[PDB]
Amino acid sequence: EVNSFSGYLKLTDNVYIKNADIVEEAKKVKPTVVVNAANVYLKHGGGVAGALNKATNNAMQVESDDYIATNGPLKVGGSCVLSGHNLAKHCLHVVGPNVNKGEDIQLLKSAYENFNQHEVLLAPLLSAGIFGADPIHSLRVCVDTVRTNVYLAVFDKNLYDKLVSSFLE
Ligand SMILES: CC(C)[C@H](Nc1ncnc2[nH]c(-c3ccc(=O)n(C)c3)cc12)c1ccc2c(c1)S(=O)(=O)CCC2
């Protein structure tokens, strides 16, 4: 079965959300596209990006270093398409702003705009966690910006509940 997402809550006609680890979702679903919460040099050192790279047994990092050698770094708000390895057909590496490191929150709209080049995606909540954006704001930007079908995996039941309550106000 293709893109067999289960147990998601439909928020809008094109945005779905689940309390789940994106790595476990990718292994089960093998979506056409999994989004990585990347940085501009594609160094997958921790958090979501480190977890996805480890699930590929470091194949993602070697491919990412060869992409950077030939093409140079991404811009904040930008993206590139590389292999999905064992997790998906493709990985869309998207750079959201890191507000904790002084980057502009307005670039979160540009970051989500990359999703619109793909019909269906499994994705994390961009710029949340240690990137420092307000996660309720990130969900609002996602809902207002993405027009293709996005399945958001948020690996924290406390945050999941706060996000759904906020959306349903
Ligand atoms: C808000 C968080 C609950 C959310 N975390 C996550 N959301 C979805 N799937 C996840 N898997 C793991 C994980 C982490 C270690 C690990 O060994 N495994 C297996 C799995 C984390 C995780 C999240 C959303 C976006 C971003 C971050 C964190 S960050 O990595 O702090 C900075 C980049 C932006």
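When the trypsin sites (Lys or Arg not before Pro) in the range 98-169 are filtered for DSSP coil states and for at most 13 other beta-carbon atoms within 10 Å of their beta-carbon, the remaining sites are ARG147.
Restriction of the trypsin sites (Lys or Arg not before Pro) in the range 1-75 to DSSP coil positions whose beta-carbon has at most 12 other beta-carbons within 10 angstrom yields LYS75. Proximity of backbone amide H atoms, modeled 1.01 Å from N, is registered between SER83 and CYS91 at under 5 Å, excluding neighbours fewer than 5 places apart on the same chain. Net charge dipole, the chain: roughly 140 debye, given to the nearest 20, about the Cα centre with Cβ charges of +1 for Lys and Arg and -1 for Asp and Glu. For the chain, the Cα gyration tensor yields ellipsoid semi-axes of 23, 19, 14 Å (square root of five times each eigenvalue, largest first, whole Å).
Around the amide H of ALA20, modelled in the peptide plane, lie the amide H atoms of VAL154, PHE155, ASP156, all under 5 Å away and 5 or more residues distant in sequence or on another chain.
Projecting the Cα positions of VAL35, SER110, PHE167 onto the charge dipole of the range 3-167 (unit charges on Cβ atoms of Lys, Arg, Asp and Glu, taken about the Cα centre) puts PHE167 furthest along the positive direction.
From its DSSP helices (H runs of at least four residues, each -39,500 (n - 2.57)), the chain gives a residue-normalised ellipticity at 222 nm of -10000 deg cm²/dmol.
In this analysis, Cβ positions are derived from the backbone assuming ideal geometry, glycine residues included, and neighbour counts consider all displayed protein chains. Each value in this text was obtained by applying a stated rule to the coordinates, not by laboratory testing.
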